[PDB]
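Below, in structure tokens: the form deposited in one PDB entry, a single chain.
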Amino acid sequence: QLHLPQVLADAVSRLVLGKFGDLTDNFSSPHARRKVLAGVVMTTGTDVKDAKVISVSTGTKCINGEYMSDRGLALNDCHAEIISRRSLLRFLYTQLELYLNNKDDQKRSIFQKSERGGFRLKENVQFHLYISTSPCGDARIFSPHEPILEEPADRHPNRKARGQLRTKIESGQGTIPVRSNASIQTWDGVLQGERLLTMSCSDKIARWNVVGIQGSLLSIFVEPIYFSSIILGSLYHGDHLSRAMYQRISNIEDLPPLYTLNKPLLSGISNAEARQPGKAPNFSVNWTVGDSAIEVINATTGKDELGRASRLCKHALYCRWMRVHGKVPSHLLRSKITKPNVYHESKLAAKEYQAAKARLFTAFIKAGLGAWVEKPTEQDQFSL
């Protein structure tokens, strides 16, 4: 009921589990089967009374190359922790609309207006990420197993494999370094059979630890937001996790003025979670506070089982962003740059988020850790 780091971790684990149970008919629903669960919890104080479960999700798979959407209707990455961040973005958009509904609703929105233009979180509002296991890539690859009291730390931390950017590789096991032989995916290349490379969860969480979790579109309204803590339900290796999350790019420099290399609390839970039996389900559930029920997405297609777009896809998010843009006065924008109303350009209007991304990519390259691998440029050239 109080908040020192271990009981905070145990509390967020408790909360995400319990919310998941409520949404799955006390874990009796067919959509309770999972190999990885992840969740976001918001805190407003030292009291579990004030702590609320912002989102929950599951999933261990990414999209098949054939199913990338040139309209932003599919989910590329259904690892449970990626999905939980996207559900958090739905919550952030909803809180912006709650804010500017009327001057009486504004006091219940988590945002205020900011001295530097745009909007920011109100004080002592924090976000905690929970994952039932360690994130693929640098935080996991070297030790995919529960730790032991006997020699817990890494015996070879100076190997060049340590810290490397690594891609999930379509149809292959493992997470693969960005070998210096090629770095450009092409849309036609991938449809043909080049395997879709998707940066590992450890790398995405490092990137969120530089540019914030709110993405580029939301940064046009809101100052960057960062996870206060990362809590792992099993497979917690501290040296590996802290390497993966921030310590490998401490060489980053020249970040634009609100951005920083965030170093959230990392922690495991008291009673580590149990490896779930059975095959891993091919679906991913997701829930954001203020939803009546879970949404279930087929991870390999990026869409629900009837083929509808997720409330979490590029296109739905873009639509949320436009709803808010329409209600935001021109003077209150964090960027007055004008860009056409296509997903890719609208993102380019986040000039200093883009600059931050550049410093990130440079830090990895200078560090010898490889060049970040992006999606085919055609992925984001769509309109509403």
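Start at 1 and count along the sequence shown; that's the residue number. We call the rigid core whatever largest set of C-alpha positions still superposes within 1.5 Å between the two forms.
- Comparing the deposited coordinates for 213 to 221 and 253 to 261, the stretch with the larger average C-alpha B-factor is 253 to 261.
- Per the PDB record, of the two stretches 165 to 173 and 304 to 312, 304 to 312 carries the greater mean B-factor over its C-alpha atoms.
- In this structure the maximum Cα B-factor among 373, 15, 367, 360 is found at 15.
- Across the residues 160, 207, 86, 108, the deposited record lists the maximum Cα B factor for 108.
- Looking at the C-alpha B-factors along this chain, the one for residue 133 belongs to the middle third.
- Residue-level temperature factors show residue 44 in the highest third of its chain, judged at the C-alpha atom.
- Split the chain's modelled residues into thirds by C-alpha temperature factor. Residue 64 is in the lowest one.
- Residue 288 sits in the middle third of its chain by CA B factor, as recorded in the PDB entry.
- Sort the modelled residues of the chain by CA B factor and residue 78 lands in the lowest third.
As for the form deposited in another entry, it is not shown, yet the points below apply to it.
- No residue of 246, 187, 142, 226 other than 142 has its CA displaced by 2 Å or more between this form and the one not shown when the core is superposed.
- Relative to the superposed core, residue 351 undergoes a Cα shift smaller than 2 Å between this form and the one not shown.
- Core-superposed comparison between this form and the one not shown: the C-alpha position of residue 76 differs by less than 2 Å.
- A movement of the C-alpha atom of residue 292 falling short of 2 angstroms is seen between this form and the one not shown when the two forms are aligned on their rigid core.
- Shown here is a form in which the CA atoms of residue 183 and residue 360 lie at least 3 Å closer together than they do in that other deposited form.
- Between residue 373 and residue 339, the Cα distance is greater in that other deposited form than in this structure, by no less than 3 angstroms.
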